[PDB]
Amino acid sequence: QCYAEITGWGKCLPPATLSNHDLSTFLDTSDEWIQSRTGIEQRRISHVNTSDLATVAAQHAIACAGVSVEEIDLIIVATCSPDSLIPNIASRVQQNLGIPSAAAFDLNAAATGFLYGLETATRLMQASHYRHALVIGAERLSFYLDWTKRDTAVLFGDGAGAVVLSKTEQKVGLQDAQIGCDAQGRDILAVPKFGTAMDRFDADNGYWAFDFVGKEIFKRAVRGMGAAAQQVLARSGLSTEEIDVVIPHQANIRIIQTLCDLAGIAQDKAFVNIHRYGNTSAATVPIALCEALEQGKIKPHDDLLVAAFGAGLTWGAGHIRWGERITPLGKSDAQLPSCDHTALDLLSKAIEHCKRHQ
């Protein structure tokens, strides 16, 4: 029996910050509403493409793991905002870092995609000949947003997180996972007209609907994640008190609290950074894991519960058993190109077109 230890962790958050106050400047909303309903105070807006955020997060995770590029056998980028469809952006990350040979693909399961990626890489490694893997959740969700619609415009941000996995005999990394999808929730969270369903030559094709039914999402998410978390704990013989840390998707602070409350997990076990970054979809979990490690929230040998959901409606949970090391082997000087523009400056063209079309 082999296992896939999380030997490296890393993040990349773009510098330009869109505050709740900044959103109040061009929308009928407030810090008071956004903060009390969602827990979000700020989020980051990328001046660079999704693959660039991915690459930097990967660079940090690679130094953290001390793994050479020659040893990386698999690259998975979990994203729903890739630079290109042809080719995939896993191959761009591969190109940027000079990784020869590795299998490289993009995985789309919306915000659950990192957990899907961790599950997928772990089983690939357990069943076949992949020595080390790079799994990245990376998003530039700001691409998609409708800057007239306050319901969604205030919820999402940009960023990336990465892990490196290393094959081992030790019983560490992802243990049981349960991933799934509630396809009856497919239409409640959707941008149906970006992709090959859109009219390529219509000049109004940029003004797509972001469909979003918050109450219905909340309900299906809590059920999806909750039942997945229960299957993981039940199958693994864990009592709930044995869970040391929860690393949840950062969609809404109330969803995190409800998940923990219904499962009987203490609220202070959940790592929350949604106030800083908002919902970064596939990046939420690996960024939260990275920061949990950075801030001393995870001890050697801890049991972690990861839980996530997203458009689909995809869902999942998993149990990670941490090994010996919670400290990086090395640091990276990798950074995004500098940018002195505000988040408002970056969104100007997009905001002005959306408001003019209305």
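Note that residue numbering begins at 1 and tracks the sequence as displayed.
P82 is built in all of the other entries compared, counting only those with both neighbours built, so it is not a gap in a third. Of the other structures of this protein that model both sides of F201, a third or more give it no coordinates.
Higher mean CA temperature factor, per the PDB entry, when comparing 34-42 with 57-65: 34-42. Annotation for 174-182 versus 194-202: the higher mean temperature factor (C-alpha) is found in 194-202. If you compare the C-alpha temperature factors of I99, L115, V213, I136 in the entry, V213 comes out highest. Between the residues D302, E291, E70, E324, the entry's highest C-alpha temperature factor is the one at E70.
When the modelled residues of the chain are ordered by their C-alpha B factor, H47 lands in the highest third. In the deposited entry, the Cα temperature factor of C260 places it in the middle third of its chain's modelled residues. Among all modelled residues in this chain, the alpha-carbon of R123 has a temperature factor (C-alpha) in the lowest third. Per-chain ranking of the deposited C-alpha B factor places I320 in the lowest third. Remark: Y130 belongs to the lowest third of its chain, ranked by C-alpha B-factor as recorded.
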